[PDB]
Amino acid sequence: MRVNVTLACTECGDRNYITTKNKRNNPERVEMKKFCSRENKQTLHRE
Amino acid sequence: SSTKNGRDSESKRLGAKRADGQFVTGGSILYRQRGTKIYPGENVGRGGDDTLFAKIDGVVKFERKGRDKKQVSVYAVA
RNA sequence: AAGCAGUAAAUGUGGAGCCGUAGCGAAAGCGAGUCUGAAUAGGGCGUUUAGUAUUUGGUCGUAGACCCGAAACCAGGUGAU
RNA sequence: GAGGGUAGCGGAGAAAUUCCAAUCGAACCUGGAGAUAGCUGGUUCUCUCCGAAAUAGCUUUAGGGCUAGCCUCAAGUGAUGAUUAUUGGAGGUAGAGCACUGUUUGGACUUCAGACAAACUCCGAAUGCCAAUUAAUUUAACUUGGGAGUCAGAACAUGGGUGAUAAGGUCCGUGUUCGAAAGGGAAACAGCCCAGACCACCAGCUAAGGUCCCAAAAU
RNA sequence: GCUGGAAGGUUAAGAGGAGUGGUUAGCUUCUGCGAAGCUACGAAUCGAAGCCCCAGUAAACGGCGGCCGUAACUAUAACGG
RNA sequence: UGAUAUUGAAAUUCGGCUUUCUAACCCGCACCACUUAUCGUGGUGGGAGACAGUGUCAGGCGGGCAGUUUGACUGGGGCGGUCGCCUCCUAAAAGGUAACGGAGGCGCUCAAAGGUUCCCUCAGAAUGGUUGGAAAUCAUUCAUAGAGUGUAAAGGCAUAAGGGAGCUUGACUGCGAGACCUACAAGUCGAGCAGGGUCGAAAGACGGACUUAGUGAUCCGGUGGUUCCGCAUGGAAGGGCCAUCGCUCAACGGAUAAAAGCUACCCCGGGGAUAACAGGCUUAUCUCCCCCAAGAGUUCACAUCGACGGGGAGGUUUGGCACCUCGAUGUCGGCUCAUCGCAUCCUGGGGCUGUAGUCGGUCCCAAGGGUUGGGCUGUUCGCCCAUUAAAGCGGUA
RNA sequence: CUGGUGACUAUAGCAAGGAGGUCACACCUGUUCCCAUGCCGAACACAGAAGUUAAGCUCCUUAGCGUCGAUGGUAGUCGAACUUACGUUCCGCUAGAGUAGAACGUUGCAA
Numbered sequence: 001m002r003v004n005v006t007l008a009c010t011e012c013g014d015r016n017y018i019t020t021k022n023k024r025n026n027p028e029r030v031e032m033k034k035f036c037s038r039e040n041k042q043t044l045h046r047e
Numbered sequence: 016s017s018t019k020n021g022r023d024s025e026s027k028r029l030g031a032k033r034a035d036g037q038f039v040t041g042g043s044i045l046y047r048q049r050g051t052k053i054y055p056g057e058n059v060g061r062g063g064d065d066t067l068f069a070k071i072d073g074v075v076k077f078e079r080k081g082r083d084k085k086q087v088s089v090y091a092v093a
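Chains as they are written, first to last, in the entry's author numbering: chain O, 1 to 47; chain I, 16 to 93.
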């Protein structure tokens, strides 16, 4: 099923995003490399 | 006795927005369309919905693109 | 303005109070500039910066609000000639 | 027959919504009270200038309302308004055609002849529309404030859907008139043809339509 | 619907107070602890009837069906699927 | 129905279940007195007893009773159907354009089906082969799209927007000249500037998907962050700002957190803006009249009958529309036999005949007069009995 | 005048007949190296003795298909009048036929 999640910055100041995901194909939390607003650089975003 | 029809969507006001031989501002819309019935020429770009818009101040001309095709361009005449 | 003095007057006196002379921001706040924003970078609202008191006319609001007209509801009484 | 009892959020009823002072699916009187009424009816003196709408959107909305469109008054800008001539352009209707998608007739043996189409197109008008900073004629247009009414429209011609190529039928597009328009013609006859009444005259020329008599003018 | 029953489940007020937060007498990181009071919440546990359940009752409310073959009944089915 | 106050004294059992007792409380129980009264009060005997009755708090049942709701469109209303969004046609070559007009979809999916850089060209046909359609993989020739493009349709796409590989996460942050659309609220496109980046040798491209559908104001409530405020001061409760979550509010600009029926017992305010009777327009339906002539008719189309097809008249039927009438135009059958039309039932005059005569059939002229009584049924209509020269069809609200 | 790179609606196209080569173009051998295959030096990328007009590319003819295309007439239609299907006046298709048509032209290395 389709569900929405939030990506939070890892080990740094939190800069949140929102997206969607298919739970069957991706049972685990997704990880991406997004820009952090209050750190001024790309960091790792979990969940 | 009843009807299965009756439905329609709101009309989208497509077509030409500026006339040949007219002076337009920096980012004026020139033509709304679905797909590519007219191609962008000199100093003219495509939007995400195929909208053609100008990128300078100048006079707009509709042109011909080989055979069965046509394009529109803007020329910076003062 | 209330009050006080005056013929139930006119107008004396009375400066609590009100509008204007400066805006922007949710607020702390800053100020001809302020908010957003890392950054007048761009953008929004301001820098016009002449008002104020009484009154004729038009319209609006609160009071029945241009006039006449119900079927009904509630409260207290009068009736078994 | 006389004297008494049961009172309205009640009483009585061998039962009919029947009776409780000529009234009862809930008695009468006085108060809240000038209840509420998106609904009918009515609204009192005179001249001058201008002069509509019966549409769109949304609506517990459909004979109601709000914003926009159309009218009027005051101030401001001022050529930005209208018609025609010239040039340029976007857009596939009428017609036509079978190259695509479907339909179809007769001969051959994939091809030659012949036809049909709102949701077919190898093609393609007349008109209408957007512009120029290009000429001649004309008189509007835009902005800010005060006050509105309108949201039931009708007929004629024409382009279409619906119906039955029926309706003084119904629903859209485009012009005119009535609405809010008197006068002449069509016998009479809001919507058809001509033509827009400031006032007075026992003056002249015309339009539509007419000139044997009614009845003005050619037997 | 009514009557009787209690094996289990759900079930209020009222009792109970495991823990948590606010404040500050004292410490030192030099913006982390923190006893006593007062104060905002409190969970496990106990808690009736009812309901979910078991049985009876129809002169209680109510209900009392279809397709398909077959002669010692020619048409029809006594009888059977 | 349970807890608690009135409510007390003793004693068994895992402060409580459970048992006795009397003083609270109760008796429309007996006797005495006030008192000629047994309403009341007092006294004395019995009965019951910390129960019952009464106060406060809590759970359950409760049309017995009360206040309200029960949508709109609609060729009258009711029943049926539809309500928000997307694509094509009607739509009259700019845009816009209605009808319970003609056709279909949506309330999602994708972690690569996104970004970037390189490379490639489809469908269909014949030929020869383990022969399942030579079309299940194979190699040729022909082939400008008839192939594919997540999903409906339209418009585009072979520069490919189509197919395959390598790297990657721009499906980023703050914004934004200008413009389309438009009553408002909303919706759509957007060059460029700054901060981070990915791919590419570089110029460059990248703010999701070839485009257009996949969505819901405000109030209130939850979860994170924060240069904010915090009612004598310092904190904290509680607010503000930023991010985000919860509605088939689908009658989809959403009345409230919460809502169905009958009225022939009915009432008031309006409307011919809207139906039932009659008038008016039309003639699908109805009733009559013709055109053609394959045929039937012992031969022979037309004495008589007239298949398949075609053209009219009337306004007596059932309907269509909704133009007058809702401050009222009384609706079926009967009594009455008045008045009119001719498409003539009898009488009067004729042509043809498959007319021997007596009867007939069909067509033309003709409206002067005439055109019965009963049984059944409220009936119109219809069946029947007995007659007659004949027992005609229609109009007149 | 052979080659490189741009602009023009096939009047540039397709098809058939003919001429030619080591300046240039092109076919050709090979996989040691940078590179590569669902497998295959076919392709791509490289090292290059010689060898061929056979094939691509350019050259002359070709109206056999494709493309272009007048004139006259017709259909349709703006406007005007009569009336309901006919005049008058502008504009002007489609199809078909007469016809072009075997391309014209820019900047530079040489030749």
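Note that the Cβ used here is the ideal one computed from N, Cα and C, for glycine as well.
TODO: Select from O:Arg-38, O:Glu-39, O:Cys-36 and O:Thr-19 the residue whose C-alpha is nearest the C-alpha of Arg-2 of chain O.
DONE: Residue mapping note: residue 2 of chain O aligns to position 2 of the first sequence, counting from 1. Ranking O:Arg-38, O:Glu-39, O:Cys-36 and O:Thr-19 by Cα distance to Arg-2 of chain O puts O:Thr-19 first.
- [ ] Give me whichever residues DSSP pairs with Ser-88 of chain I in a beta bridge.
- [x] Looking up residue 88 of chain I in the second sequence gives position 73. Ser-88 of chain I pairs with I:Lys-76.
TODO: My understanding is that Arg-46 of chain O touches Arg-29 of chain O, with C-beta atoms under 8 Å, so please give their C-beta distance in whole angstroms.
DONE: Taking the first sequence and counting its residues from 1, the one referred to as residue 46 of chain O is at position 46. Taking the first sequence and counting its residues from 1, the one referred to as residue 29 of chain O is at position 29. The pair is a contact, with the Cβ atoms about 6 Å apart (cut-off 8 Å).
- [ ] Taking the CB atoms as reference points, tell me whether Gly-42 of chain I and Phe-68 of chain I lie closer together than 8 Å.
- [x] The count along the second sequence starts at 1 and reaches residue 42 of chain I at position 27. The count along the second sequence starts at 1 and reaches residue 68 of chain I at position 53. Taking 8 Å as the Cβ cut-off, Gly-42 of chain I and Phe-68 of chain I qualify as a contacting pair.
TODO: Just tell me which of I:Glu-25, I:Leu-45 and I:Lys-32 has its CA closest to the CA of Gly-60 of chain I.
DONE: Residue mapping note: residue 60 of chain I aligns to position 45 of the second sequence, counting from 1. Of I:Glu-25, I:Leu-45 and I:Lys-32, the residue nearest in Cα terms is I:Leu-45.
Task: Helix, strand or coil at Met-32 of chain O according to DSSP, with G and I counted as helix - done: Position 32 of the first sequence, counted from the start, is the residue given in the question as residue 32 of chain O. Reduced to three states, the DSSP call for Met-32 of chain O is strand.
- [ ] Under 8 Å by Cβ, that's how I've got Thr-6 of chain O and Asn-22 of chain O pegged, so tell me the actual separation to the nearest angstrom.
- [x] Start at 1 with the first residue of the first sequence, and residue 6 of chain O comes out as number 6. Start at 1 with the first residue of the first sequence, and residue 22 of chain O comes out as number 22. Contact doesn't hold; Cβ gap of about 16 Å is too wide.
TODO: Enumerate in chain order the residues of its own chain whose CB-to-CB distance from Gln-37 of chain I is below 8 Å, with the five nearest sequence positions on each side excluded.
DONE: The sequence position of residue 37 of chain I within the second sequence is 22, counting from 1. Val-74 and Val-75, listed in sequence order.
Open item on the list: Assuming contact is defined by CB atoms lying nearer than 8 Å, are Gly-62 of chain I and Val-87 of chain I in contact in what I supplied?
Closed with: Position 47 of the second sequence holds residue 62 of chain I. Position 72 of the second sequence holds residue 87 of chain I. Against a cut-off of 8 Å, the Cβ pair of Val-87 of chain I and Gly-62 of chain I comes out as no contact.
Task: Span separating the alpha-carbon of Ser-17 of chain I from that of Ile-71 of chain I - done: Against the second sequence, residue 17 of chain I aligns to sequence position 2. Against the second sequence, residue 71 of chain I aligns to sequence position 56. Cα to Cα, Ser-17 of chain I sits roughly 56 Å from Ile-71 of chain I.
- [ ] Go ahead and label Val-92 of chain I buried or exposed: buried means 16 or more other beta carbons lie within 10 angstroms of its beta carbon, across all protein chains shown.
- [x] For this step, residue 92 of chain I is matched to residue 77 along the second sequence. Exposed, by the Cβ-count rule.
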